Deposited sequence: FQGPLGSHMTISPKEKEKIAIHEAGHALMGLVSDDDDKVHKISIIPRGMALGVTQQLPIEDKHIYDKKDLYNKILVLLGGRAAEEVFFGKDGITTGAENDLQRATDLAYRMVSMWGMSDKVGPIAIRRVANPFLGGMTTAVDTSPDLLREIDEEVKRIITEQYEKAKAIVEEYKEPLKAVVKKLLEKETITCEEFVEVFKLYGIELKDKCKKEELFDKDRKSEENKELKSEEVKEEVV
C-alpha cells in the first residue's frame, strides 16, 4: 500500500472516529489504524453520521475528485439504515407511520419514489453535517492524521489527547 493511499485511509479512518467522538448521542467505542435494544430516530441519525464520516473527511481533504472506493460499505450500511427508518419504522413525516409489507411486495412505483426521495433527504442531510464537522475541526484532525501515519495505529485516548491540546473537548466515549 503506497503512501498516497495510506494518507487517504488515514483521513477516512480519522473521519469516523471524529463523528463518533462528537456524535451527540451515538453510543459506541473506538480504536484507529491505517489497516482496517431499541434506538430512537436521533440514535440512528447519529449512526448514519458515523457511517458517512469516512467519505465526508475524504471530500473535505481531497475535494469531490479524491473521493474513494473505500466507503463502499459505509454508504450501503448507511443507506440501508435510512431505508429502514423510512420504510420499516415510520420515521419520515412525508411517508408517515406506514410499513412496507415484505424486498417490497406489491408497492406502487409512487410509494417507492417517495421513499427514495426521503432516503436521499435523510442521507444528504447527515452527510452535509459530517462535512461541516470535518471542516470545523480540520486543523486538529490534520494533527491526528500525522500521528496516525507515523505510528500506524492510534488509541481512542490519543485522538482525544490531540483534541484537548486544541481546546476541543470530545464526548467521553472511548474504552
Seminar exercise, completed: Taking the deposited sequence from residue 1, the uncovered stretches are 1-10, 47-62, 129-138, 212-238
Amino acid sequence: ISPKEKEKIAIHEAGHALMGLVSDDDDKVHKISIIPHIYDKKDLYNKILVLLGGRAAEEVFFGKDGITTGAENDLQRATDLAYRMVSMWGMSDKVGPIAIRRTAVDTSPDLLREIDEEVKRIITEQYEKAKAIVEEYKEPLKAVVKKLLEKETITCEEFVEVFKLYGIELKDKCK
From here on, numbers count along this sequence of modelled residues.
Exercise. Taking only the CA atoms, which stretch has the higher mean B-factor in the record, 24-32 or 58-66?
Worked result: 24-32
Problem set entry | Residue stretch of maximal mean CA temperature factor, 38-46 vs 141-149 | 141-149
For this session: Report the option among 110, 106, 125, 118 whose CA atom has the maximum B-factor in the deposited record.
Result: 106
Seminar exercise, completed: Temperature factor at the Cα of residue 77, chain-ranked in thirds, falls in the middle
Problem set entry | For residue 156, the third of its chain into which the C-alpha B factor falls | highest
